[PDB]
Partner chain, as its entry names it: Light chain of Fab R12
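First comes one chain, alone, set out as structure tokens in the form deposited without the partner chain.
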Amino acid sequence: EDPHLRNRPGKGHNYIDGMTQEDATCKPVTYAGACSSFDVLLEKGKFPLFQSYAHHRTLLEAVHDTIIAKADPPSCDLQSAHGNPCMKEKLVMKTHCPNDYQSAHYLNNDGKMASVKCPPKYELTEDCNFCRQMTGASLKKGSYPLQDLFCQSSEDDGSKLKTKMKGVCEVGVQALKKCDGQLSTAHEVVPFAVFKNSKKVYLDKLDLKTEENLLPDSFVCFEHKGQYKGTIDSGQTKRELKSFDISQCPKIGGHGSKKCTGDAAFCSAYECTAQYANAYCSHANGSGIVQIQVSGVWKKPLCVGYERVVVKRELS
């Protein structure tokens, strides 16, 4: 995990649909290169959740791997007559966009991916609510991630599931009940999740558990880029590592187009050859099937995250 963060589960596609010019280095993300939609997820202290579950998918990876659908209108333009579809939802979130972003993206209350967006040569203001003429010569080429989040594949149905928080009148968009009285208001960093046929379900607590397993996404595989340097051996520095697709590796008593080796876990399911290996495969720390307890019950979510939103609570 430590040196294999840029070795992504699935495709590893970190770009937003209207924004191609950075694909040579974000489609896929890998050990080499920079990516303005992704490198930002790895500055420590920011994005702590995703950092802990780093070998699960980003939101952009979720959509390109068809786990998450794109919102009805994929992006909202702040400059217009208004730009209203996103606006309501965006204003309830408190966000800090760096300079030079034309886009920024988030899971909407509907569970789709929406983005907030400026016309060409216009950037997002520090709070991400407005567009203004750019001030360098360079716009970044990504979209900026607005929540702290990871995603996975799931078929566990959650249409029965819904936000409930104790004495909360409002959280983000969601009105939970009517509070006649005087309310305390604050921006809180609120955990949430979305499931198959659900909307965003905000939560009082985050209670997660993980089953580790030996499925393909629980490994990261690498090889030497370049001319032949001898065996591949879990050598981490002096690296010209590219990423490597584990499906090429033969399972025990199976066909495969390449030759492989790996750690003990790997050699328990896949065949291993130290000498002739094209690639070495490691087990990814903190990978697996995540479930979440939604007030009494364990369910397998599509995505889980944190979001800084306005919360109104009754007193007493």
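Positions refer to the first chain, counted from 1.
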Q) In the PDB record, does 238-246 or 184-192 carry the higher mean Cα temperature factor? A) 238-246
Q: Tell me which of 129-137 and 144-152 has the higher mean C-alpha B-factor in the deposited entry.
A: 129-137
Q: Go through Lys177, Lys88, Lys112, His96 one by one and give the residue whose Cα B-factor in the PDB entry is largest.
A: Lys88
Q: From the list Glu212, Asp77, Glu170, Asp207, select the residue with the highest C-alpha B factor recorded in the entry.
A: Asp77
Q. For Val297, does the deposited CA B-factor place it in the lowest, middle or highest third of the chain?
A. highest
Q. In terms of the CA temperature factor given in the entry, to which third of its chain does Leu315 belong: lowest, middle or highest?
A. highest
**Q.** B-factor third for the C-alpha atom of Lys251 within its chain
**A.** middle
Q. Compared with the other modelled residues in the chain, in which third is the CA B-factor of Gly45?
A. highest
Q) Going by the entry, which third of its chain does the Cα temperature factor of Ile232 land in? A) highest
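Not pictured, yet referred to below: the form deposited with the partner chain bound.
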Q) Taking the partner chain in the bound PDB entry as the reference, which of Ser138, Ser184, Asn197, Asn84 has a non-hydrogen atom within 4.5 Å? A) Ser138
Q.
Considering non-hydrogen atoms and a 4.5 Å limit, which listed residue (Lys121, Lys177, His96, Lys209) is close to the partner chain in the bound PDB entry?
A. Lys121
Q: Choose one stretch from 113-121, 146-154, 161-169, 85-93: the one whose residues place a heavy atom within 4.5 angstroms of the partner chain in the bound PDB entry.
A: 113-121
